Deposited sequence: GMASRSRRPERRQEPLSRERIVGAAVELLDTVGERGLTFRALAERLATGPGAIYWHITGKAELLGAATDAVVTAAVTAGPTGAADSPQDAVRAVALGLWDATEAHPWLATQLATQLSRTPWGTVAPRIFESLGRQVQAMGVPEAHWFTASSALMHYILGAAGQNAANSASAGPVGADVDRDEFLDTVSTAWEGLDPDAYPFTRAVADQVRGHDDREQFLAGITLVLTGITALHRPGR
């Protein structure tokens, strides 16, 4: 029969194949193989279903205490990074979740995950919010761009490297100097280096 996981699982599958716009009453009802005149017992609105789908995917990626706070933050970030990689629509829903969904359940859970590590890192209470939000914003920006790219990467990077090597050496001394480095650039490694950079800044806040 119709359960929670089922409803959500169905929307996720649809979001992965047909996207947001493809997530409709009929589509859901059909994939669920249940009567449309009795599905109101397990659903409410589309906005709420998108939230439940976003939440289910995030929770699963992040959760699926013996390591350092820094490693724990990395597991949280990779969970988000891999999830938005497996589900392209996820990145968009997270932005909407933090912009127009005050009662959203995903935000506070991510914030709890990151915050506990920030406190375990010895960060003064006056910076708990700041440090946690920075980690979050960093994650969304890198993972957001990664999702945009997952919407070939080695070919795109090779064309960028080429285009930059064609820039005037006197006008762009830095960009010309790094152009070569763009070629074999790995996004995942860059992501984790960025995380470490942020964590290093946070660790310096210690007392």
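J.: Which parts of the deposited sequence lack C-alpha coordinates in this model? Number from residue 1, please.
T.: Several regions go unmodelled: 1 to 14, 79 to 82, 170 to 178, 235 to 237.
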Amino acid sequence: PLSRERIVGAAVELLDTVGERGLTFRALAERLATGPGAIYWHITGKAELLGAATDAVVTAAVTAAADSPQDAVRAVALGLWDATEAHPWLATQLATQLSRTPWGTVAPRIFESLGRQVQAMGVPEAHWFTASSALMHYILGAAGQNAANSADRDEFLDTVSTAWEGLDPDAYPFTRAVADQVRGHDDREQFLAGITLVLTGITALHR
From here on, numbers count along this sequence of modelled residues.
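J.: Per the entry, where is the mean C-alpha temperature factor higher: 73 to 81 or 102 to 110?
T.: Comparing averages over the C-alpha atoms only gives 102 to 110.
J.: Looking at the entry, does 140 to 148 or 25 to 33 show the higher mean C-alpha B-factor?
T.: Looking at the record's C-alpha B-factors, the answer is 25 to 33.
J.: Among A177, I39, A52, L157, which residue carries the highest C-alpha B-factor recorded in the PDB entry?
T.: In the PDB entry, the greatest C-alpha B-factor among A177, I39, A52, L157 is found at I39.
J.: Looking at the temperature factor on the CA atom of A95, which third of the chain's modelled residues does it land in?
T.: For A95, whose C-alpha B-factor we compare with every modelled residue in the chain, the answer is the highest third.
J.: Taking only the Cα B-factors deposited for this chain, tell me whether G194 sits in the lowest, middle or highest third.
T.: Tercile = lowest for this residue's CA B-factor.
J.: Can you tell me which third, lowest, middle or highest, the CA B-factor of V8 falls into for its chain?
T.: For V8, whose C-alpha B-factor we compare with every modelled residue in the chain, the answer is the highest third.
J.: By the record's CA B-factor, is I202 among the lowest, middle or highest third of residues in the chain?
T.: CA B-factor rank for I202: lowest third.
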